[PDB]
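Asks: I'm passing along target37.tsv; it holds TSV, C-alpha atoms and all ligand atoms.
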```tsv
chain	number	residue	atom	x	y	z
A	1	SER	CA	4.81	-13.54	-18.79
A	2	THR	CA	6.39	-11.45	-16.00
A	3	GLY	CA	6.62	-7.76	-14.98
A	4	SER	CA	9.17	-5.91	-12.80
A	5	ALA	CA	9.05	-2.24	-11.77
A	6	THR	CA	10.98	0.02	-9.41
A	7	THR	CA	9.05	1.80	-6.64
A	8	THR	CA	10.40	5.00	-5.07
A	9	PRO	CA	9.43	6.83	-1.86
A	10	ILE	CA	7.78	10.21	-2.53
A	11	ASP	CA	9.69	11.94	0.30
A	12	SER	CA	12.41	11.52	3.01
A	13	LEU	CA	9.94	9.88	5.44
A	14	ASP	CA	8.69	7.09	3.04
A	15	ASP	CA	5.12	8.47	3.42
A	16	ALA	CA	4.16	6.67	0.15
A	17	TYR	CA	5.78	4.82	-2.82
A	18	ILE	CA	5.25	5.60	-6.54
A	19	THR	CA	5.71	3.22	-9.44
A	20	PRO	CA	5.65	4.26	-13.10
A	21	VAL	CA	2.73	2.82	-15.12
A	22	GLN	CA	2.18	3.13	-18.90
A	23	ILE	CA	-1.44	3.79	-19.91
A	24	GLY	CA	-2.81	4.07	-23.46
A	25	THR	CA	-1.41	4.09	-27.02
A	26	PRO	CA	1.02	5.84	-27.44
A	27	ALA	CA	2.01	5.30	-23.77
A	28	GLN	CA	1.27	8.00	-21.19
A	29	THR	CA	3.43	7.37	-18.10
A	30	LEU	CA	1.82	8.11	-14.75
A	31	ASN	CA	3.35	7.53	-11.27
A	32	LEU	CA	0.86	5.47	-9.29
A	33	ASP	CA	0.64	4.42	-5.63
A	34	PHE	CA	0.33	0.57	-5.61
A	35	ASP	CA	-2.31	-0.07	-2.96
A	36	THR	CA	-2.98	-3.64	-1.68
A	37	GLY	CA	-5.78	-2.18	0.53
A	38	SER	CA	-8.05	-1.05	-2.38
A	39	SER	CA	-9.22	-2.40	-5.78
A	40	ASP	CA	-9.69	0.59	-8.09
A	41	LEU	CA	-7.23	1.79	-10.74
A	42	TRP	CA	-7.96	5.52	-10.77
A	43	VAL	CA	-6.03	8.43	-12.22
A	44	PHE	CA	-5.97	12.23	-12.49
A	45	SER	CA	-7.20	13.11	-16.03
A	46	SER	CA	-8.19	15.78	-18.62
A	47	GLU	CA	-11.74	15.48	-17.04
A	48	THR	CA	-10.63	16.30	-13.44
A	49	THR	CA	-11.87	19.75	-12.19
A	50	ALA	CA	-9.05	22.19	-13.14
A	51	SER	CA	-8.86	23.69	-9.59
A	52	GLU	CA	-8.34	20.22	-8.04
A	53	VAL	CA	-5.14	19.51	-10.07
A	54	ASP	CA	-1.86	20.80	-8.58
A	55	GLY	CA	1.15	19.44	-10.52
A	56	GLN	CA	0.01	15.85	-11.21
A	57	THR	CA	0.52	14.23	-14.61
A	58	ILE	CA	-2.93	13.68	-16.14
A	59	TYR	CA	-4.19	10.87	-18.35
A	60	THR	CA	-5.85	12.12	-21.59
A	61	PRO	CA	-8.13	9.46	-23.09
A	62	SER	CA	-8.72	11.63	-26.20
A	63	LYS	CA	-4.99	11.14	-27.10
A	64	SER	CA	-5.09	7.33	-26.71
A	65	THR	CA	-6.10	5.33	-29.81
A	66	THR	CA	-7.02	2.33	-27.61
A	67	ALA	CA	-9.15	4.23	-25.01
A	68	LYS	CA	-12.90	3.36	-24.95
A	69	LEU	CA	-15.58	5.07	-22.81
A	70	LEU	CA	-17.36	2.42	-20.72
A	71	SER	CA	-20.84	3.79	-21.41
A	72	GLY	CA	-22.80	4.60	-18.26
A	73	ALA	CA	-20.19	3.29	-15.80
A	74	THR	CA	-19.34	5.45	-12.76
A	75	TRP	CA	-17.10	5.00	-9.68
A	76	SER	CA	-16.91	6.57	-6.25
A	77	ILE	CA	-14.44	5.76	-3.50
A	78	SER	CA	-14.22	6.88	0.17
A	79	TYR	CA	-10.88	5.86	1.76
A	80	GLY	CA	-10.20	5.22	5.49
A	81	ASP	CA	-8.55	8.62	6.05
A	82	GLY	CA	-11.62	10.65	4.98
A	83	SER	CA	-10.29	11.16	1.42
A	84	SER	CA	-12.49	10.54	-1.66
A	85	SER	CA	-12.58	10.60	-5.47
A	86	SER	CA	-15.12	9.82	-8.23
A	87	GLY	CA	-15.69	9.95	-12.00
A	88	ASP	CA	-16.27	7.97	-15.18
A	89	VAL	CA	-14.60	4.80	-16.56
A	90	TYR	CA	-12.51	4.01	-19.65
A	91	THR	CA	-10.98	0.75	-20.87
A	92	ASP	CA	-7.35	1.02	-22.15
A	93	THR	CA	-4.05	-0.84	-22.43
A	94	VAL	CA	-2.06	-0.72	-19.16
A	95	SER	CA	1.55	-1.93	-18.72
A	96	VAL	CA	3.67	-2.30	-15.57
A	97	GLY	CA	7.38	-3.01	-16.03
A	98	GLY	CA	6.83	-4.76	-19.37
A	99	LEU	CA	3.68	-6.69	-18.34
A	100	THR	CA	0.73	-5.63	-20.51
A	101	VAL	CA	-3.01	-5.93	-19.92
A	102	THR	CA	-5.45	-4.88	-22.66
A	103	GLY	CA	-8.99	-3.72	-21.79
A	104	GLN	CA	-8.13	-2.76	-18.21
A	105	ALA	CA	-10.68	-0.49	-16.54
A	106	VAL	CA	-9.02	2.95	-15.99
A	107	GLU	CA	-11.13	5.09	-13.69
A	108	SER	CA	-10.95	8.72	-14.77
A	109	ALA	CA	-11.33	11.15	-11.84
A	110	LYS	CA	-13.76	14.03	-12.31
A	111	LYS	CA	-13.63	15.01	-8.59
A	112	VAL	CA	-10.79	14.43	-6.08
A	113	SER	CA	-10.64	15.42	-2.39
A	114	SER	CA	-8.06	18.01	-1.22
A	115	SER	CA	-5.59	15.43	0.27
A	116	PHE	CA	-5.00	13.94	-3.23
A	117	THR	CA	-4.65	17.46	-4.78
A	118	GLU	CA	-1.94	18.33	-2.18
A	119	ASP	CA	0.21	15.24	-3.03
A	120	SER	CA	1.57	16.48	-6.42
A	121	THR	CA	3.87	13.40	-6.78
A	122	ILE	CA	0.97	10.88	-6.82
A	123	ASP	CA	-0.90	10.64	-10.18
A	124	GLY	CA	-3.37	7.98	-8.97
A	125	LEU	CA	-3.77	4.58	-7.33
A	126	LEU	CA	-3.39	1.03	-8.56
A	127	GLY	CA	-5.53	-1.22	-6.40
A	128	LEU	CA	-4.17	-4.74	-5.66
A	129	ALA	CA	-6.76	-5.94	-3.07
A	130	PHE	CA	-9.51	-8.50	-4.25
A	131	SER	CA	-11.88	-7.41	-7.07
A	132	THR	CA	-14.96	-7.61	-4.76
A	133	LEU	CA	-13.93	-4.16	-3.40
A	134	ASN	CA	-13.99	-2.44	-6.85
A	135	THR	CA	-16.43	0.52	-6.86
A	136	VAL	CA	-17.41	0.54	-10.58
A	137	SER	CA	-21.20	0.66	-10.99
A	138	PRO	CA	-23.36	-0.92	-12.38
A	139	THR	CA	-20.77	-3.43	-13.64
A	140	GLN	CA	-17.94	-4.21	-11.13
A	141	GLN	CA	-14.45	-4.30	-12.75
A	142	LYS	CA	-11.38	-6.52	-12.21
A	143	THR	CA	-8.03	-5.33	-10.78
A	144	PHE	CA	-4.82	-5.18	-12.94
A	145	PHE	CA	-3.56	-8.27	-11.03
A	146	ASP	CA	-6.79	-10.24	-11.74
A	147	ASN	CA	-6.63	-9.30	-15.42
A	148	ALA	CA	-2.92	-10.29	-15.68
A	149	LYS	CA	-3.31	-13.61	-13.70
A	150	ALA	CA	-3.84	-15.95	-16.71
A	151	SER	CA	-0.79	-14.56	-18.52
A	152	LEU	CA	1.57	-14.70	-15.52
A	153	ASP	CA	4.13	-17.54	-15.18
A	154	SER	CA	2.89	-17.84	-11.55
A	155	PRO	CA	-0.22	-16.10	-10.04
A	156	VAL	CA	1.89	-14.03	-7.59
A	157	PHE	CA	3.16	-10.52	-7.04
A	158	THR	CA	5.94	-9.56	-4.63
A	159	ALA	CA	6.53	-6.27	-2.73
A	160	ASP	CA	10.10	-5.41	-1.73
A	161	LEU	CA	9.86	-1.87	-0.29
A	162	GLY	CA	13.02	0.03	0.60
A	163	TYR	CA	13.83	1.99	3.76
A	164	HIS	CA	14.69	5.51	2.46
A	165	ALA	CA	15.56	3.85	-0.85
A	166	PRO	CA	13.98	2.47	-4.03
A	167	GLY	CA	12.43	-0.99	-4.07
A	168	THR	CA	10.72	-3.40	-6.44
A	169	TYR	CA	7.27	-4.74	-7.32
A	170	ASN	CA	7.51	-8.00	-9.32
A	171	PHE	CA	4.61	-9.72	-11.10
A	172	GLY	CA	4.62	-13.42	-12.07
A	173	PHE	CA	7.77	-14.67	-10.30
A	174	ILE	CA	9.69	-14.87	-6.99
A	175	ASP	CA	13.20	-13.47	-7.07
A	176	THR	CA	15.21	-15.92	-4.91
A	177	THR	CA	18.10	-13.41	-4.63
A	178	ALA	CA	15.91	-10.66	-2.99
A	179	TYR	CA	15.62	-12.40	0.42
A	180	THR	CA	17.53	-14.48	3.04
A	181	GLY	CA	16.49	-17.80	4.60
A	182	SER	CA	13.12	-19.22	3.61
A	183	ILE	CA	9.69	-17.75	2.91
A	184	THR	CA	7.07	-18.53	5.59
A	185	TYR	CA	3.55	-18.74	4.12
A	186	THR	CA	0.39	-17.99	6.12
A	187	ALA	CA	-3.34	-18.31	5.39
A	188	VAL	CA	-5.32	-15.45	3.90
A	189	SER	CA	-9.01	-14.74	4.49
A	190	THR	CA	-10.71	-12.92	1.57
A	191	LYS	CA	-14.10	-12.38	3.35
A	192	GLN	CA	-13.68	-8.56	3.62
A	193	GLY	CA	-11.86	-8.27	0.23
A	194	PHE	CA	-8.43	-7.69	1.82
A	195	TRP	CA	-5.14	-9.62	2.07
A	196	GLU	CA	-6.17	-10.49	5.65
A	197	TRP	CA	-4.00	-12.72	7.79
A	198	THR	CA	-3.25	-13.64	11.40
A	199	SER	CA	0.01	-12.68	13.10
A	200	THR	CA	1.20	-15.07	15.83
A	201	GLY	CA	2.53	-12.46	18.25
A	202	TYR	CA	5.04	-9.78	18.99
A	203	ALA	CA	8.12	-8.69	20.96
A	204	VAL	CA	9.36	-5.16	22.02
A	205	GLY	CA	13.16	-4.77	21.73
A	206	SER	CA	15.03	-7.73	23.22
A	207	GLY	CA	11.99	-8.73	25.37
A	208	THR	CA	10.10	-12.03	25.54
A	209	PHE	CA	7.87	-12.87	22.57
A	210	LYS	CA	4.19	-12.69	23.47
A	211	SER	CA	2.08	-15.36	21.63
A	212	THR	CA	-1.24	-13.73	20.76
A	213	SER	CA	-3.38	-13.73	17.60
A	214	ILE	CA	-3.47	-10.39	15.78
A	215	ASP	CA	-5.81	-10.26	12.78
A	216	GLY	CA	-4.74	-7.62	10.26
A	217	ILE	CA	-4.30	-6.69	6.61
A	218	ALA	CA	-1.13	-6.45	4.52
A	219	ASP	CA	-1.54	-2.91	3.16
A	220	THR	CA	1.05	-1.22	0.93
A	221	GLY	CA	-1.20	1.88	0.71
A	222	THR	CA	-1.04	2.68	4.46
A	223	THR	CA	2.17	4.30	5.73
A	224	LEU	CA	2.12	3.24	9.38
A	225	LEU	CA	1.65	0.12	11.49
A	226	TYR	CA	-1.82	0.16	13.26
A	227	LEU	CA	-2.06	-2.44	16.10
A	228	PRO	CA	-4.39	-3.02	19.15
A	229	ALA	CA	-4.14	-0.53	22.02
A	230	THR	CA	-2.58	-3.11	24.40
A	231	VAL	CA	0.27	-3.86	21.97
A	232	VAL	CA	0.92	-0.18	21.12
A	233	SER	CA	0.93	0.82	24.84
A	234	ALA	CA	3.48	-1.94	25.64
A	235	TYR	CA	5.79	-0.65	22.82
A	236	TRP	CA	5.64	3.08	23.77
A	237	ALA	CA	6.10	2.30	27.52
A	238	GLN	CA	9.72	1.39	26.60
A	239	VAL	CA	10.44	4.91	25.19
A	240	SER	CA	11.30	7.53	27.82
A	241	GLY	CA	9.01	10.54	27.47
A	242	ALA	CA	6.67	8.93	24.89
A	243	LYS	CA	2.98	9.79	25.28
A	244	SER	CA	-0.32	9.71	23.39
A	245	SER	CA	-1.30	13.22	22.23
A	246	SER	CA	-4.95	13.97	21.34
A	247	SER	CA	-3.87	17.32	19.77
A	248	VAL	CA	-1.40	15.52	17.48
A	249	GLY	CA	-3.61	12.47	16.96
A	250	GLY	CA	-1.33	9.72	18.26
A	251	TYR	CA	1.83	8.68	20.07
A	252	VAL	CA	4.72	11.17	19.99
A	253	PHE	CA	8.21	10.82	21.54
A	254	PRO	CA	11.27	13.04	22.22
A	255	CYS	CA	13.27	13.24	18.97
A	256	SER	CA	16.48	12.51	20.95
A	257	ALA	CA	15.21	9.08	22.16
A	258	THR	CA	16.46	5.76	20.70
A	259	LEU	CA	13.56	3.55	19.55
A	260	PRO	CA	13.48	-0.19	20.30
A	261	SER	CA	12.84	-2.61	17.47
A	262	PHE	CA	9.43	-4.33	17.06
A	263	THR	CA	9.06	-8.05	16.17
A	264	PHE	CA	5.91	-9.61	14.66
A	265	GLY	CA	5.31	-13.35	14.24
A	266	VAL	CA	4.48	-15.08	10.93
A	267	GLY	CA	3.74	-18.68	11.93
A	268	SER	CA	6.91	-19.78	13.73
A	269	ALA	CA	9.08	-17.15	11.94
A	270	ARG	CA	9.86	-13.65	13.29
A	271	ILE	CA	10.09	-10.39	11.31
A	272	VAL	CA	12.12	-7.65	13.07
A	273	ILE	CA	11.34	-4.01	12.31
A	274	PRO	CA	14.40	-1.89	13.26
A	275	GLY	CA	13.56	1.01	15.62
A	276	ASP	CA	14.87	3.59	13.07
A	277	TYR	CA	11.92	2.53	10.77
A	278	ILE	CA	9.44	3.67	13.50
A	279	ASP	CA	10.71	7.33	13.49
A	280	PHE	CA	8.46	9.63	11.39
A	281	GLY	CA	10.29	12.85	12.38
A	282	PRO	CA	9.16	16.11	13.93
A	283	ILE	CA	5.39	16.76	14.24
A	284	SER	CA	6.10	20.31	12.88
A	285	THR	CA	9.21	22.03	11.48
A	286	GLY	CA	11.66	22.74	14.29
A	287	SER	CA	9.77	20.72	16.93
A	288	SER	CA	11.67	18.47	19.34
A	289	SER	CA	8.64	16.08	19.43
A	290	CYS	CA	8.64	13.27	16.89
A	291	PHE	CA	5.79	11.22	15.40
A	292	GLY	CA	5.68	7.45	16.01
A	293	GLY	CA	5.34	4.82	13.28
A	294	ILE	CA	3.33	2.42	15.56
A	295	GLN	CA	-0.18	3.73	16.32
A	296	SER	CA	-3.38	2.35	17.86
A	297	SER	CA	-6.00	0.81	15.52
A	298	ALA	CA	-8.84	1.42	18.11
A	299	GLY	CA	-10.40	4.28	16.10
A	300	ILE	CA	-9.94	2.44	12.74
A	301	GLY	CA	-11.67	-0.88	13.39
A	302	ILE	CA	-9.05	-3.02	11.64
A	303	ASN	CA	-5.35	-3.82	12.35
A	304	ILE	CA	-3.06	-2.66	9.49
A	305	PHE	CA	0.44	-3.95	8.67
A	306	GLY	CA	1.38	-0.90	6.58
A	307	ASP	CA	4.66	0.19	4.91
A	308	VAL	CA	6.46	0.36	8.34
A	309	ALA	CA	6.09	-3.42	8.76
A	310	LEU	CA	6.10	-4.54	5.06
A	311	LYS	CA	9.33	-2.67	4.20
A	312	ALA	CA	11.17	-4.77	6.84
A	313	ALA	CA	10.33	-7.96	4.79
A	314	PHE	CA	10.18	-9.53	1.30
A	315	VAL	CA	6.43	-10.10	0.82
A	316	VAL	CA	4.74	-12.55	-1.51
A	317	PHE	CA	1.09	-12.01	-2.43
A	318	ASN	CA	0.07	-15.45	-3.74
A	319	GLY	CA	-3.15	-15.10	-5.74
A	320	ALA	CA	-3.59	-18.87	-6.26
A	321	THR	CA	-7.12	-20.52	-5.84
A	322	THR	CA	-6.41	-20.56	-2.09
A	323	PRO	CA	-4.57	-17.26	-1.55
A	324	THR	CA	-1.60	-17.08	0.90
A	325	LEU	CA	0.93	-14.40	2.07
A	326	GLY	CA	4.64	-15.15	2.24
A	327	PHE	CA	7.14	-13.37	4.45
A	328	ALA	CA	10.91	-13.58	4.40
A	329	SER	CA	13.70	-11.67	6.08
A	330	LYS	CA	15.88	-9.53	3.78
B	401	LIG	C1	1.21	8.97	8.27
B	401	LIG	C2	0.24	9.48	9.13
B	401	LIG	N1	0.48	10.55	9.88
B	401	LIG	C3	1.71	11.17	9.87
B	401	LIG	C4	2.70	10.70	9.06
B	401	LIG	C5	2.47	9.57	8.22
B	401	LIG	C6	3.98	11.37	9.02
B	401	LIG	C7	4.20	12.49	9.83
B	401	LIG	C8	3.16	12.98	10.69
B	401	LIG	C9	3.38	14.13	11.52
B	401	LIG	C10	2.34	14.57	12.34
B	401	LIG	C11	1.13	13.88	12.30
B	401	LIG	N2	0.93	12.81	11.52
B	401	LIG	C12	1.94	12.35	10.72
```
Written as structure tokens, how would this file's structure read?
Replies:
Amino acid sequence: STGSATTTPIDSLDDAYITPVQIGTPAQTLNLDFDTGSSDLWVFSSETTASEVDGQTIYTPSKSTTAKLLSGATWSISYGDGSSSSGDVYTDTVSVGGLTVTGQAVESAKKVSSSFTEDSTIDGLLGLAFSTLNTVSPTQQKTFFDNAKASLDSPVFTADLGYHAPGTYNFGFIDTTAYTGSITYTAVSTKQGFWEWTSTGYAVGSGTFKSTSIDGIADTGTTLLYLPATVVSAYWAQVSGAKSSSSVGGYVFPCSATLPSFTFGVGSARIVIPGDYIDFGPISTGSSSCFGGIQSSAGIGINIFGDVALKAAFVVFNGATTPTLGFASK
């Protein structure tokens, strides 16, 4: 079997992407953020504290004939940006673009932190990292991808994110018309539970490529590209007037400046991120200072190839016995 669904940016900056997901019988459609950096499928629900819901579509397990309370199971997640959510667990039928999984753990949120409440367009998250990161206690649960794996024609999912435009998430097959040239595959380490890989270097604009190993994670749930301080400093040194601002919390640049492109290595292949993709607009309404899409990972502890980098490529997440990541130009 296969699945194919369209993903759409939530705003004009591509801060996040939402993909419609059908949960329960009869179907309840919720717009979820597909996150390859986490492993919990959690949603806003009829059980969420009324004051913490601001416009989201909620899942109502009492209206689903296939919903089952997973007696005594609880979940609690604390994301990298200080955001958190927690609640109880149900099992229910979940479908993504025609691909159906029965008995998928659906984590019903009882409490959500304010940053989730503020994003009215995001109804929950669909975790696509490895199942060892799932927070369900006392019995850890499998991701949607892990549950679908046996049924898929091929144990892969692909991410084709658009720049200020809709894109596609495909499950079970590789669309050979969605990319140009060939796909370069690279090794994945699953030790921390992430799609962790090693980039072979980088270039700023039309400069010389610097061969250096950069260990990072392919993360669809992170908006920006977080790289070591040395790399980020070399990029922003090429932008007149760019500087690191502690009040803003990162590198900012004059909105009138033209940004150079950024190249990252995947084996012997090169993926070019156009400079326009690194512009995240004014820091505040009316400001002539703009926020950069390439930031330091020094305070994070891990390098993250977020939406800024992934949207410049066709990306294959190969969940075979020995997992790999594929990258192609598009
Ligand atoms: C991810 C993280 N921080 C940001 C954005 C996206 C977009 C705009 C912005 C403006 C000021 C400060 N941070 C951000």
Asks: Anything within 12 Å of (-16.6, -5.9, -11.1): list those residues as a PyMOL selection string, counting all atoms listed in the file and sticking to the file's coordinates.
Replies: chain A and resi 39-40+73-75+104-105+130-144+146-147
Asks: To one decimal in Å, tell me the separation between atom CA of residue 277 of chain A and atom CA of residue 181 of chain A.
Replies: 21.7 Å
Asks: Give me, as a VMD selection string, the set of residues whose atoms come within 7 Å of any atom of ligand LIG 401 (chain B), counting all atoms listed in the file.
Replies: chain A and resid 15 223 to 224 248 to 249 280 to 284 291
Asks: Have a look at A:107, A:153, A:33, A:11 and name the one nearest to residue 173 of chain A; count all atoms listed in the file.
Replies: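 So, comparing all the options, the nearest one is A:153.
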Asks: Build an axis-aligned box that encloses every atom of segment 1-6 of chain A listed in the file, pad it by 4 Å on each side, and report its centre and edge lengths in Å to one decimal, as AutoDock Vina command-line options.
Replies:
```
--center_x 7.9 --center_y -6.8 --center_z -14.1 --size_x 14.2 --size_y 21.6 --size_z 17.4
```
Asks: Taking all atoms listed in the file into account, which of A:126, A:109, A:278, A:58 comes nearest residue 32 of chain A?
Replies: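 Using all atoms listed in the file, residue 32 of chain A sits closest to A:126.
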Asks: One number please: atom CA of residue 194 of chain A to atom CA of residue 154 of chain A, in Å, one decimal.
Replies: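 Here the two named atoms are 20.2 Å from each other.
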Asks: Could you state the separation of atom CA of residue 178 of chain A and atom CA of residue 292 of chain A in Å, given to one decimal place?
Replies: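 According to the coordinates, atom CA of residue 178 of chain A and atom CA of residue 292 of chain A are separated by 28.2 Å.
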Asks: Pick the closest to residue 102 of chain A from A:23, A:48, A:128, A:31: which is it, counting all atoms listed in the file?
Replies: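 Closest candidate: A:23.
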Asks: Applying 6 Å and all atoms listed in the file, which residues near residue 200 of chain A remain after dropping the ones on its own chain fewer than 5 positions away? List them as a ChimeraX atom specification.
Replies: /A:211-213,265-267
Asks: Counting all atoms listed in the file, which of A:182, A:36, A:118, A:27 gets nearest to residue 93 of chain A?
Replies: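 Checking each of A:182, A:36, A:118, A:27 against residue 93 of chain A, counting all atoms listed in the file, the winner is A:27.
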